[PDB]
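The chain below stands alone and is given in structure tokens; this is the form deposited in one PDB entry.
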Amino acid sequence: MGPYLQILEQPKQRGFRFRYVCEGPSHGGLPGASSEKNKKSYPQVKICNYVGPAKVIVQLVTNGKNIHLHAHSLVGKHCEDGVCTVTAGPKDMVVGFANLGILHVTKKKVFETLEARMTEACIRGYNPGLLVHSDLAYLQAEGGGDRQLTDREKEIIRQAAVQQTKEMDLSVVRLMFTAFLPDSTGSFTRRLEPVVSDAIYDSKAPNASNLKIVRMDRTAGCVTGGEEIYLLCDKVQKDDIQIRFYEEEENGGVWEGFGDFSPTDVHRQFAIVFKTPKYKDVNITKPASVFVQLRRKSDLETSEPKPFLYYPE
């Protein structure tokens, strides 16, 4: 077709705490995979081999196996009904989505909120039965002033807004970008291949948080290992966490040690009492510096490495 949707940048995938309804008014936003130190970045998208003016929309989609409408809604900017509508059709077709919020739905308000979401899109010209039920492959930018969803066809969105209520994952969400170009006069009928980005995983989600070692008891020990160490950390899950010591070797090589501790050794998801592992070579005569890090056994995600120092017996 030529003009589609290119995501020139994306969020950080993990860092932002998707705020809810009763948490207060825009107490932040969705940054982007770009620390910079001075400035920052938001999810910026663009259109390649584009056309003239054009308006791109964005709807929160569900991760899962079968992409469908997500209960949560985007807020702020050109958003309305959880779907942001941006223009940016001058000369360039690069549109940046800054200061976007994500509202988390009640574990109860899912079904009810879902149903409606699957109507605000059906009636409108964007993602019809290609994000709800593949029986309404049409009814998108058909131009219809407002298609009356028959007690038959509206019952399709119902059944979809019923089964998908039990599959829904309230902690992870993905941004969907759908851009429509002009057609006949000026209305934006035709749409360019919608493209989903990565998952942004809620921060207030234990099994997704950003690991950190606030501080530790001692930062050194004997090569023999087996010395007790106290670690204070940011929220973690007793069953899915591990301390990992490591080091770089000549050319190719990386030593690896795990702290010995039972989940029972994790105090209120914020502390861990473990024992150091034996160092690569307990025969060393001079202190050897290694690095300690916190890692999640599941997503193998790590934390800021801390300079641990091993020394001779």
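Each residue number is its position in the shown sequence, starting from 1. Heads up, when I say rigid core I mean the largest set of C-alphas that superpose within 1.5 Å between the two forms.
Although not depicted, the form deposited in another entry is the subject of the following passage.
Practice item. Answer yes if the CA of residue 298 moves 2 Å or more between this form and the one not shown after aligning the rigid core, and no otherwise. Key: True for residue 298: a C-alpha shift of 2 Å or more.
Check your understanding: By the 2 angstroms cut-off, has the C-alpha of residue 111 moved between this form and the one not shown once the rigid core is superposed?
Key -> No, the C-alpha moves less than 2 Å.
Point to revise | Closer or farther: C-alpha pair residue 268/residue 105 in that other deposited form, relative to this form, given a change of 3 Å or more | key: It is farther: the C-alpha separation of residue 268 and residue 105 rises by at least 3 Å in that other deposited form.
Practice item. Relative to what we see here, could you say if residue 168 and residue 206 have their Cα atoms closer or farther apart in that other deposited form, with a change of 3 Å or more? Key: Closer is correct, given that in that other deposited form the C-alpha spacing of residue 168 to residue 206 is reduced by at least 3 Å.
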